[PDB]
Amino acid sequence: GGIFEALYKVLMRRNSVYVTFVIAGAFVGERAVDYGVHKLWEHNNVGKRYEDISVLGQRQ
Amino acid sequence: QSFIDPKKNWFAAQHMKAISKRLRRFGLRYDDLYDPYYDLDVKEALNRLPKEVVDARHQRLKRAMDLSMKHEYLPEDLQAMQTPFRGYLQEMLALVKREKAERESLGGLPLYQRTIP
Amino acid sequence: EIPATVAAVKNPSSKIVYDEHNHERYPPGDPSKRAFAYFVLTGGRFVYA
Amino acid sequence: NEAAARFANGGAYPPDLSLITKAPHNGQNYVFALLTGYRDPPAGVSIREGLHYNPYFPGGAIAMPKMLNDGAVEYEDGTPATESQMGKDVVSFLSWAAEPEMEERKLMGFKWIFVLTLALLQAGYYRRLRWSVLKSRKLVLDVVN
Amino acid sequence: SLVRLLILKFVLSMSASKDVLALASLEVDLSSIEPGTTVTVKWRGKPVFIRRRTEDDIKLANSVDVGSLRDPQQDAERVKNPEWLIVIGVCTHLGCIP
Amino acid sequence: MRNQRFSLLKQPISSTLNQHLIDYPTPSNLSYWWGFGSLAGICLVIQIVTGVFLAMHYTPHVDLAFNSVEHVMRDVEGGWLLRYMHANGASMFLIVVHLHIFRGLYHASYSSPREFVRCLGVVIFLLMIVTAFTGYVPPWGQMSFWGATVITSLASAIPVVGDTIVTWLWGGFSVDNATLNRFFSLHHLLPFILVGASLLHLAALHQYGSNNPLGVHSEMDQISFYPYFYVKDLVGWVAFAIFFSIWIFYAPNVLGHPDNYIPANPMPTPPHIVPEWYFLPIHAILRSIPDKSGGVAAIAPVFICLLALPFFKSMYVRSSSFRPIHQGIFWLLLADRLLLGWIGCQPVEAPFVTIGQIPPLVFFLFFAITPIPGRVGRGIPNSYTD
Amino acid sequence: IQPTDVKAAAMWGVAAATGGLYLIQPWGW
Amino acid sequence: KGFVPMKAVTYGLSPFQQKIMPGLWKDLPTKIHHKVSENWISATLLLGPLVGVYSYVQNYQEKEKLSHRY
Amino acid sequence: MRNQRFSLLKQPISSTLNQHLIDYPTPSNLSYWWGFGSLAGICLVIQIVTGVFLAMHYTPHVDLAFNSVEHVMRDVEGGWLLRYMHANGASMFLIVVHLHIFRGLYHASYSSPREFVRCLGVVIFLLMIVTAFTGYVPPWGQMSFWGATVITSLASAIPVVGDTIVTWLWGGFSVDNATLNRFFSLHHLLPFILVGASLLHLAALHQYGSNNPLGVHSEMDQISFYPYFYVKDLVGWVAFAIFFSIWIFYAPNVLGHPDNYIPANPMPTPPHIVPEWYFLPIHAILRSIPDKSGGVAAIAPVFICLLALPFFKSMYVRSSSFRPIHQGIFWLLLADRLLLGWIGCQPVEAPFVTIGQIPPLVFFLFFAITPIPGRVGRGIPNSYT
Amino acid sequence: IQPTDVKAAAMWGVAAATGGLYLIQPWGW
């Protein structure tokens, strides 16, 4: 579409901007996939975590 | 040979049918598979032939390589119009080998030598 | 008969047939697709970084 | 030492339980069925005195005596300490002891398999785009057969 | 001469050392065992095969064809006892403990 | 000459890399079976880096080796990743090289003028086997000890020099600390020789160019290397990385024996001693003979035949596409080689003795038969001509 | 010199951004 | 290592003027049928001995085990 | 020509060895100061071989390292020869490279078109220093432990980031077992990188050929390498073997410090800490400046000046024979870099601080002045006619 | 042509054997 052409003209008339764009995309996508996998991991198996044992503080 | 011939042996006609099919589907003759880097006498046999025959050989080789890269085969009509096994190189090769032997017998040095790799 | 390879040199026609057995072409007149190419390739350069 | 260990058990050495799940074939299930598997010997076989019978041992006769028995321990959560519950808890503990890195491993694995599949898709597109020019080229050669 | 010197020095540097050769002979003690059974023992670096055979084992082992064995010998020379059979425990085939 | 500079890529500084990587001409119909050489190069690099970082936490002594490996896995940040990459990358490296070898066998790449390449490849294979076997010992488990014992005491079957060379190899009277430290040093040294042999192998290939799925002259239609085969190599590398990481992260112990998590104990023997999965064909061929001298000297024909394939000089067609009978023989040889692999991991009794003695016969009839097609087919143009 | 100066400015900016990210690595920035 | 005089003529088209992906999944069933019909013999010859030997070993082992019983 | 084989030396299988060792044209008036590169290659091969055989008996742990070395040197058949060859071949290797550098600095071999060779040489020198210093530790004596502590804690003179760097380099909070294991692995790895750098060095030399004691165009009168310079190199190697054997057999402990025969002890300290004899000029330079940051930031200008010698567009005459003042300055610098080494071993006190502060001034003033003769010698052809 | 070559081969074998008995000096053989 025209959005692809707009993005092309905005970002790629130089090269250092391209390098910065790649680095930023990497260090955003990393965080996004981390959040997604952590959330799915939490959802899959509820009740088994370390903060879910009912007797965690009764050996004083 | 008593059993290599297709005339008398039924396990050679099948062999030639298979080879002819596989050669036609790429459009090249059985003598096209001999390599000048392999034997070093095919180089002389090809060096002595007329120019047009060698040019047709090069064109056929390039056609087959393009076909293989594209992952396809010649159409059915250009498959019917094909003649593998129509030699152009056997007699010259036999003659070159005969001279090689006759020169070896009476002393004499070789005319060309393979290079150490 | 004239060679097939020489009849195509002295006949600069402009009606050209490519080999569509693998890749189809866009109809003549349509724009290029360079921007979409950069779009697709950045998504892998991110991963490699 | 090991000498005292063999002395106190009749010449049989009780092994180390750190890696006991990874060390034999099919660890988890082997340990569980071994614990819960002491049984009455079949007809026609006899065991020398000082040994016990267990079909889950290669040889048919083992040295250790049965320990897991109903009420052998008293939990702090109110769970009926049956032999099976105790065995399950023991095997879970031993599996954690052998492989303490399992969860971190699985998280990294999921993330990077997903990401690398995406990169494979991109590389395939890149390949096709580059080879398009040769793979649709047309040539005329002037030869029939 | 110099090349021979260097080659020999480097190749003999890899042979067994004085520490290992110092511990290469001794005598230690065993314990009792039932007739026809065995409890393996330990030495410098090699176990000890043991067997004090019963009557039927004596019958079966001492009554095999002599020529069919690739090293023809009878156990009477190999055994030092009418019932016992102590042989150094290293496999002469491949060095394992069979 | 070009009395003023044009490109950095044609200057003397980058002439070698340019000529042998970027502008080098290759056939344009190479398929995906030509990527495994580069893929094996990357596997070797992975092995070297991972090993240089494991050897910062491992102590070569009989009292400490097992506990130092477990210290790495339990107490160093990410150390489990290093150990799993190393112990599974050895297997990946062997897999890739086996596929490379069978590619070479199919399209008949050993023939003229490329027999120097084949001979250097065989030497590289020997170095690989020695390196892997020497390096399976340092963890000092049960299989490490007993595999070292069996294989290195198989060298006393030789006549009179036997016991002497075995005792000199072991550094003493049995497999103990001296052998461990010796093998560690050899393991750290051999892969650099492997690197040198690989570079020589590549130079020997580049002095004549590569073959192609057709086996014909290929000097009329060639394309450069970059960017046309770089992208194909890229596809291969990414698929390989997915496979490797499936091994590392979700099944890191399927390709090993459980007995190496028991510290070495010289008195008790395991009931079933085998080496890794990529030595089982040789191991089966070796135990197939009821004689020590014959068993040891039956490996020598394997390497002699593999090293003497290139020097038969009658066959004229290279690719197996136009050779039906040799193609069928190739597939049957592959099946037989897999059968040897499976047999090499079984107890030695019926019915495995016959099935362990016949496949060696087939594995040698392969290297005996092939010249006969050479001769019988050299005269094929004269019979089928039209 | 101006296009070259601003090209160098952009390259220095890329390098400085990467170096700053090396110094502090905030997960949720 | 040299080249040859050729005399050919070729036409080409730019990368950015032609559809790229749709070629993979165009007519899969006929390609699958061609591959199977062409390489059935190679598949047979590769997978025959393994099956035969496996069945033979299984049969022998079960027969021996069941004959050793009481 | 090429229609059948004449010589097996001119075949592809041995074409490049022929071209770069047998036939390679060299100027015919080269003197003996061109043998030390080959001699250094010999020394490097000796180090690699004796190392690969020494590391077959050594155990890198803080409980068993000193004992491993003593067991090697006291209990293995001929192991004393291996250990002494290693520990003295390091000294021989450093001596050979110092003579090599000074030869190249006399006949001005750094200048165009041979500055890529100079740069690769400087990189090689860094690799040599790193490898020797890392490998003086594994025997784990007093000097090993305290030298490692001092030198690797000099790395905290850097601003804020420095402490993290030091903690990462030590593997913990002090010098301990992790440092020993890490240092052993690095020591085993680095020499192969050193070999690769040497090969690149040699190819970059061969792409132009070598200089000559006259510093002039020398392409009209040249000869082959074999057999004319191979015999000269043989004479050099034999004299070298005599020198090496004298050190190995009749005085093997003269080139070390006695304190490395005391097992490591973190509580006591030796009263005199020094590094191995061939690190002393750098030590004196680093202790000359009374400031940690200045200490670390003095050695970087040293290597910067060394690596930026060949880029001063300068005088048109190379050989210092036709240059009286550059000759005198060369002898002054050579005397100074010996005085610096001798000072780099004495106690840190008067008078040694002044005589350790001025020599570095001179050692930098050498690189400062040298462009000025080039600029002022541009005009000799227009004056002395 | 054969005699000179075979004599030279035998003498080279003698030289190889002498070298082997130089490197190793066994009086038990």
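Letters A, B, C, D, E, F, G, H, I and J name the chains as they come in the text, with residue numbers starting at 1 for each one.
Methods note: contacts are C-beta pairs under 8 Å (C-beta built on N, C-alpha and C of every residue); 3 or more make two chains touch, one makes a residue touch a chain.
The chains in contact with chain E as well as with chain H are F.
Taking the mean of each chain's C-alpha atoms, the chain whose centre lies closest to the overall C-alpha mean is F. Chain centres here are Cα means. That of chain F falls 39 Å from that of chain I.
Computed centre separation for the pair chain A/chain D is 32 angstrom, with centres defined by C-alpha atoms.
One simple way to say how far apart two chains are is to compare their mean CA positions; for chain D and chain H this gives 35 Å. The distance from the centre of chain B to the centre of chain H, each centre being the mean of the chain's C-alpha atoms, comes to 29 Å.
Of all residues in chain F, those touching 2 or more other chains are 28, 182, 207-208, 220, listed in ascending order.
Of all residues in chain J, none touches 2 or more other chains. Within chain B, contacts with two or more other chains are made by residues 58-59, 62, 66, 69-70, 83, 86, 117.
Which chains touch which is summed up as A-C, A-D, A-G, B-C, B-D, B-F, B-H, B-I, C-D, C-H, D-F, D-H, E-F, E-I, E-J, F-H, F-I.
Residues 14, 16-17, 19-20, 23, 27, 31 of chain A are the ones touching chain G in the complex. Those residues of chain B that touch chain D in the shared complex are 27, 56, 59-60, 62-63, 66, 69-70, 81-83, 86. Taken in their complex, chain I has these residues touching chain F: 12, 52, 55-61, 64, 181-182, 184-185, 188-189, 192, 207.
Interface residues of chain D facing chain A in the complex, by the touch rule stated above, are 76-77, 107, 110-111, 114-115. Note for the complex: chain E touches chain F at residues 14-17, 20, 24, 40, 42, 44-47, 93-98.
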